[PDB]
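Structure data follow from final_24.txt (compact mmCIF, C-alpha atoms):
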# COMPACT_ATOMS: atom_id res chain seq x y z
CA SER A 1 185.04 -214.43 -78.32
CA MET A 2 186.89 -211.30 -77.17
CA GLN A 3 187.32 -210.11 -80.77
CA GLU A 4 183.54 -210.35 -81.21
CA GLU A 5 183.01 -208.45 -77.94
CA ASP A 6 185.43 -205.75 -79.17
CA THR A 7 183.27 -205.46 -82.36
CA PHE A 8 180.15 -204.90 -80.30
CA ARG A 9 181.92 -202.45 -78.04
CA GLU A 10 182.93 -200.40 -81.11
CA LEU A 11 179.34 -200.58 -82.25
CA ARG A 12 178.10 -199.20 -78.94
CA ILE A 13 180.64 -196.36 -79.05
CA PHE A 14 179.47 -195.44 -82.56
CA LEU A 15 175.77 -195.64 -81.59
CA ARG A 16 176.27 -193.40 -78.47
CA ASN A 17 178.00 -190.84 -80.63
CA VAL A 18 175.28 -190.81 -83.32
CA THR A 19 172.61 -190.65 -80.59
CA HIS A 20 174.35 -187.74 -78.86
CA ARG A 21 174.51 -185.83 -82.15
CA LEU A 22 170.77 -186.27 -82.69
CA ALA A 23 169.98 -185.36 -79.06
CA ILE A 24 171.80 -182.05 -79.14
CA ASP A 25 170.01 -180.82 -82.33
CA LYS A 26 167.36 -178.20 -81.28
CA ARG A 27 164.83 -179.72 -83.67
CA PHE A 28 164.90 -183.06 -81.88
CA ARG A 29 164.51 -181.87 -78.32
CA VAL A 30 160.93 -183.27 -78.12
CA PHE A 31 162.37 -186.78 -78.82
CA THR A 32 165.12 -186.70 -76.15
CA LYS A 33 163.08 -187.93 -73.20
CA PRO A 34 160.04 -190.11 -72.58
CA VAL A 35 156.72 -188.30 -73.02
CA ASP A 36 155.70 -187.10 -69.51
CA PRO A 37 152.44 -188.83 -68.54
CA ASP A 38 151.51 -185.71 -66.50
CA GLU A 39 151.73 -183.54 -69.57
CA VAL A 40 150.31 -186.09 -72.04
CA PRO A 41 148.21 -188.51 -70.01
CA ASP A 42 146.64 -190.44 -72.94
CA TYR A 43 150.03 -191.03 -74.67
CA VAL A 44 150.70 -194.50 -73.12
CA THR A 45 147.21 -195.71 -74.09
CA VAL A 46 147.53 -194.62 -77.73
CA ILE A 47 151.20 -195.41 -78.38
CA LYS A 48 151.96 -199.09 -77.51
CA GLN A 49 155.74 -198.99 -77.73
CA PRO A 50 157.09 -195.60 -76.66
CA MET A 51 160.64 -194.73 -77.59
CA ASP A 52 162.95 -191.75 -77.18
CA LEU A 53 166.65 -190.95 -77.43
CA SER A 54 167.40 -191.35 -73.66
CA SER A 55 165.87 -194.78 -73.68
CA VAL A 56 167.97 -195.52 -76.83
CA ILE A 57 171.09 -194.65 -74.84
CA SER A 58 169.91 -196.99 -72.01
CA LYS A 59 169.44 -199.77 -74.58
CA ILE A 60 172.92 -199.25 -76.03
CA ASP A 61 174.41 -199.58 -72.60
CA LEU A 62 172.35 -202.68 -71.81
CA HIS A 63 173.82 -204.28 -74.99
CA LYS A 64 170.37 -204.51 -76.63
CA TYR A 65 171.72 -203.48 -80.04
CA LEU A 66 174.04 -205.90 -81.74
CA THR A 67 173.54 -204.35 -85.18
CA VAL A 68 172.93 -200.86 -86.60
CA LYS A 69 169.78 -202.35 -88.11
CA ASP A 70 168.39 -203.00 -84.63
CA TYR A 71 169.24 -199.42 -83.64
CA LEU A 72 167.57 -197.97 -86.70
CA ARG A 73 164.40 -199.93 -85.94
CA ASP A 74 164.22 -197.88 -82.72
CA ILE A 75 164.89 -194.60 -84.57
CA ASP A 76 162.03 -195.59 -86.97
CA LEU A 77 159.88 -196.29 -83.93
CA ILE A 78 160.47 -192.75 -82.57
CA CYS A 79 159.37 -191.43 -85.95
CA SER A 80 156.41 -193.79 -86.46
CA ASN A 81 155.14 -193.01 -82.97
CA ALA A 82 155.18 -189.24 -83.63
CA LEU A 83 153.41 -189.72 -86.99
CA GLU A 84 150.77 -191.82 -85.27
CA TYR A 85 150.19 -189.69 -82.15
CA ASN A 86 150.15 -186.37 -84.05
CA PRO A 87 148.30 -187.19 -87.32
CA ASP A 88 146.26 -183.94 -87.78
CA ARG A 89 146.57 -180.93 -90.05
CA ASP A 90 147.08 -178.51 -87.19
CA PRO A 91 150.43 -176.73 -87.11
CA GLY A 92 151.67 -178.38 -83.88
CA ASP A 93 151.15 -181.82 -85.35
CA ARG A 94 152.67 -180.91 -88.69
CA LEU A 95 155.78 -179.49 -86.97
CA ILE A 96 156.39 -182.58 -84.85
CA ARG A 97 155.90 -184.85 -87.93
CA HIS A 98 158.33 -182.74 -89.87
CA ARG A 99 160.87 -183.01 -87.09
CA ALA A 100 160.26 -186.74 -86.69
CA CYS A 101 160.96 -187.30 -90.41
CA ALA A 102 164.08 -185.07 -90.10
CA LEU A 103 165.23 -187.13 -87.10
CA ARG A 104 164.96 -190.27 -89.14
CA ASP A 105 166.57 -188.87 -92.29
CA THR A 106 169.39 -187.37 -90.25
CA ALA A 107 170.12 -190.74 -88.45
CA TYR A 108 170.13 -192.67 -91.77
CA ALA A 109 172.38 -190.03 -93.45
CA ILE A 110 174.96 -190.11 -90.62
CA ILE A 111 174.98 -193.89 -90.76
CA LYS A 112 175.28 -193.94 -94.53
CA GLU A 113 178.34 -191.67 -94.34
CA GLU A 114 180.10 -193.17 -91.32
CA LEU A 115 179.19 -196.87 -91.05
CA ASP A 116 181.30 -199.24 -93.18
CA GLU A 117 178.85 -201.80 -94.50
CA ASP A 118 181.39 -204.67 -93.84
CA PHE A 119 181.33 -203.67 -90.21
CA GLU A 120 177.53 -203.96 -90.16
CA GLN A 121 177.74 -207.27 -92.02
CA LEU A 122 180.15 -208.60 -89.35
CA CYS A 123 177.82 -207.54 -86.52
CA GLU A 124 174.92 -209.21 -88.30
CA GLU A 125 176.84 -212.48 -88.76
CA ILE A 126 177.96 -212.59 -85.09
CA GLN A 127 174.30 -211.96 -84.11
CA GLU A 128 172.98 -214.78 -86.37
CA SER A 129 175.50 -217.22 -84.82
CA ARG A 130 174.01 -216.56 -81.30
Could you show the structure in this file as structure tokens?
Amino acid sequence: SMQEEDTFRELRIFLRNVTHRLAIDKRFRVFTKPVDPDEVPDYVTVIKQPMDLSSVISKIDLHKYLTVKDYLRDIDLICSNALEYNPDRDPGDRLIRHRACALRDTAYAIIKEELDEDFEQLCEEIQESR
């Protein structure tokens, strides 16, 4: 129904706004765009499901997220990927892991503070009925 579509529209607005806030933080610049295969040619052979914040925006707009849970799975994916591709003790790797965990903790904290859990529960029930 139109009321359900209004719910999902509100969702998308919220998710764009959260995503924008992450994307403008200097720490998270490395996660804002797909890894360039010129610069990192083995990335797409190691990491099976690449994700980044621009692609997250594309997915919002394509209506791929009907719940905040589905969105956060993609945030987790950005983090997991970074942990997996940069697993060493060297400083570069430790910095990107640190930032990847901060990306995740920051997304969860914003959501905790700003997402009414009855709103999420509604989205989840509409989704289960489809």
Residues of range 10-108 of chain A that approach range 121-129 of chain A to 12 Å or less, counting only C-alpha atoms: could you list each one with the shortest pair of atoms and its distance in Å to one decimal, rows by chain and increasing residue number, as JSON lines?
{"residue": "A:10", "atom": "CA", "partner": "A:123", "partner_atom": "CA", "distance": 10.3}
{"residue": "A:11", "atom": "CA", "partner": "A:123", "partner_atom": "CA", "distance": 8.3}
{"residue": "A:12", "atom": "CA", "partner": "A:123", "partner_atom": "CA", "distance": 11.3}
{"residue": "A:63", "atom": "CA", "partner": "A:127", "partner_atom": "CA", "distance": 11.9}
{"residue": "A:64", "atom": "CA", "partner": "A:127", "partner_atom": "CA", "distance": 11.3}
{"residue": "A:65", "atom": "CA", "partner": "A:127", "partner_atom": "CA", "distance": 9.8}
{"residue": "A:66", "atom": "CA", "partner": "A:123", "partner_atom": "CA", "distance": 6.3}
{"residue": "A:67", "atom": "CA", "partner": "A:123", "partner_atom": "CA", "distance": 5.5}
{"residue": "A:68", "atom": "CA", "partner": "A:123", "partner_atom": "CA", "distance": 8.3}
{"residue": "A:69", "atom": "CA", "partner": "A:124", "partner_atom": "CA", "distance": 8.6}
{"residue": "A:70", "atom": "CA", "partner": "A:124", "partner_atom": "CA", "distance": 9.7}
task: Please provide as a ChimeraX atom specification all residues within 10 Å of range 48-56 of chain A, with the sequence filter that same-chain residues fewer than 2 positions apart are discarded (counting all atoms listed in the file).
output: /A:15-16,19-20,22-23,28-35,43-46,58-62,64-65,71,74-82
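You can rank A:9, A:89, A:27, A:130 by their closest distance to residue 104 in chain A using all atoms listed in the file, and at the top of that list sits A:27.
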task: Check the smallest atom-to-atom distance from each of A:72, A:83, A:14, A:90 to residue 105 in chain A using all atoms listed in the file, then report the winner.
output: A:72
- prompt: What is the distance between CA of residue 24 in chain A and CA of residue 36 in chain A, in Å to one decimal?
  reply: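 According to the coordinates, CA of residue 24 in chain A and CA of residue 36 in chain A are separated by 19.4 Å.
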task: Could you jot down the CA of residue 5 in chain A to CA of residue 118 in chain A separation for me, Å, one decimal place?
output: 16.4 Å
Atom pair CA of residue 106 in chain A / CA of residue 47 in chain A: separation (Å):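 Here the two named atoms are 23.2 Å from each other.
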